[PDB]
Amino acid sequence: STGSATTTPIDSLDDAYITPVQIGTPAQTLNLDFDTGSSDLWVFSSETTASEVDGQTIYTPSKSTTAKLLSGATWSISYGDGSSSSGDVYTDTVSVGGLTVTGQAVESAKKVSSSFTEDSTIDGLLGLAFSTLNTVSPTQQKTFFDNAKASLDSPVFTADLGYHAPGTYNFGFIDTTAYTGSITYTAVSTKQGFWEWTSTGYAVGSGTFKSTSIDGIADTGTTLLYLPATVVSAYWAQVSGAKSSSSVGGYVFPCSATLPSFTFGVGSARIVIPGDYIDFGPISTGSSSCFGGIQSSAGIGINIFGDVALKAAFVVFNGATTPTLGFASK
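Residues numbered from 1 in each chain as written, not as in the entry; some residues may be left out. Heavy atoms only, no water. Residues with missing side-chain atoms left out of burial classes, pairs and counts.

Determination of this PDB entry was carried out by X-ray crystallography to a resolution of 1.3470 Å, according to the record.

Labelled according to the PDB entry, the chain appears under the name endothiapepsin, originating from Cryphonectria parasitica. Readers searching the PDB will find this entry under the title "Automated refinement of diffraction data obtained from an endothiapepsin crystal treated with fragment 95". For the chain, the Sequence similarities comment in UniProt is given as "Belongs to the peptidase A1 family." (UniProt positions renumbered as here; feature names shortened; annotations may be inferred.)

Written out as structure tokens, the structure reads:
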């Protein structure tokens, strides 16, 4: 089997991407944030505290003939940005782009933090990291990808995120028309439950490439590119007027600037992030100070290849017995 679904930016800055997902019988379609940095499929639901729902589409398990309470199971998750959610668990039929999994754990939110409530466009998350990170207790549950894997033509999914435009998540096949040149594969460590890999270095604009190992995670659920302070300082030093602002919470730059590109290494290959991808616009409405798309990972504890980086590539998440990550230009 295979699946193919279009993923769409939630706003004009590509802050996140939503992908329609069919849950239950008859289908209830919710728009989920596919997150390769976590491993829970959770949804706004009929059980979500009413004051914490503001415009989201909800899953109502009582209206699904295939929903079954997973007795005794609870979940609770906290994300890197300080947001969180928790609730109980149903199993139900879940389909993405024509690919169907029966008995998928659908984690129903009883509580969500303010950032989720305030984002009317995201009806939940679909985790695509390794199932060892799944938060269901007392019986850990498998991700949609893990459940689908055996049925897939090939044990892979691909992320093809757009810049200010729709893109695609595919399951079970590599669309050879979706990228240019060849795909370069690189080793993955699953030790922390993430798609964790080591970039071979970077360049700023037309500058020379610096060979240096940068361990980090491929994370579709994080907006920006978080890298070591040394790397980030070297980037922003090439932008007149750029500075790190503790009050704003990162590097800002004059909105009048033209940003240089940023290149990262994948083995001997190179992925180029155009400068425009690094512009996240005014810090507040009408400001001439703009927020940078490359920020320091110092005190996150991990480097994060978020959407800023991933949307510059066609990315293969290879879930074979020995997992790997592939990157191509597009």
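1. What about the packing of aromatic side chains?
Under the counting rule described, the total for this entry stands at 25 aromatic pairs. With 4.9 Å between their ring centres and 45 degrees between their planes, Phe34 and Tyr169 make a pair best called tilted. In this pair, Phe34 sits in strand β3 (residues 28-35) while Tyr169 sits in strand β10 (residues 167-171), placing the two residues 135 residues apart along the sequence. Relative accessible area serves as the criterion here: at 1%, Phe34 is assigned to the buried category. Here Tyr169 falls in the buried class, since its relative accessible area comes to 2%. (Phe/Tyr/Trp six-rings, centres within 6.5 Å; stacked < 30°, edge-to-face > 60°. Helix = DSSP H or I, 4+ residues; strand = E, 2+ residues; numbered from the N terminus. Buried < 20%, exposed > 50% of the residue type's maximum accessible area, 1.4 Å probe, protein only.)

2. Brief notes about the pattern of salt bridges
For the coordinates displayed, the defined rule picks out two salt bridges. A salt bridge links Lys311 to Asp14, with the nearest nitrogen and oxygen atoms 2.8 Å apart. Residue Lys311 is found in the loop between α4 (307-310) and β23 (314-318), and its partner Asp14 is found in the loop between β1 (3-9) and β2 (17-23); the two are separated by 297 residues along the sequence. Looking at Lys311, the relative accessible area reads 2%, which means it is buried. Given a relative accessible area of 0%, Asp14 falls into the buried group. The residue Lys330 makes a salt bridge to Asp160 at a minimum N-O spacing of 2.8 Å. (Salt bridge = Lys/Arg side-chain N within 4 Å of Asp/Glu carboxyl O.)

3. Quick look at the sheet that holds strand β15 (residues 243-245)
Sheet strands pair by backbone hydrogen bonding; their relative direction is either parallel or antiparallel. Across the sheet, four strands lie side by side as β15-β16-β20-β19; this open sheet has antiparallel pairing. Only two strands of the sheet have a single neighbouring strand rather than two, namely β15 and β19 (279-282). Strand-to-strand twist in this sheet, taken as the mean axis angle between neighbours without regard to direction, amounts to 40 degrees. As judged from the three bridges shared by strand β16 (residues 250-254) and strand β20 (residues 289-292), these two strands associate in the antiparallel manner. Pairing of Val252 across the sheet is with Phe291, part of β20. (Pairing = 2+ DSSP bridges. Axes fitted to C-alpha atoms, helices over the stretch in contact; angles between N-to-C directions.)

4. A short note on the environment of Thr139
Examined against the element boundaries, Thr139 turns out to sit in the loop between β8 (124-127) and α2 (144-148). On the basis of relative accessibility, which here comes to 49%, the residue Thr139 falls in the partly exposed class.

5. Brief notes about the sheet that holds strand β18 (residues 269-273)
Across the sheet, seven strands lie side by side as β18-β17-β12-β13-β22-β14-β21; this open sheet has mixed pairing. Two strands in the sheet have a free side with no partner beyond their single neighbour: β18 and β21 (294-296). Neighbour-to-neighbour, the strand axes of the sheet open up by a mean angle of 45 degrees, direction not taken into account. Pairing analysis gives six bridges linking strand β12 (residues 196-204) to strand β13 (residues 210-218), with the strands arranged antiparallel. Counted as the bridge partner of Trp197 is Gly216 from β13. Lying over the sheet, helix α3 (residues 229-236) contacts β12, β13, β14 (225-227), β17 (262-266) and β21, oriented at roughly 140 degrees with respect to β21. (Contact = heavy atoms within 4.5 Å.)

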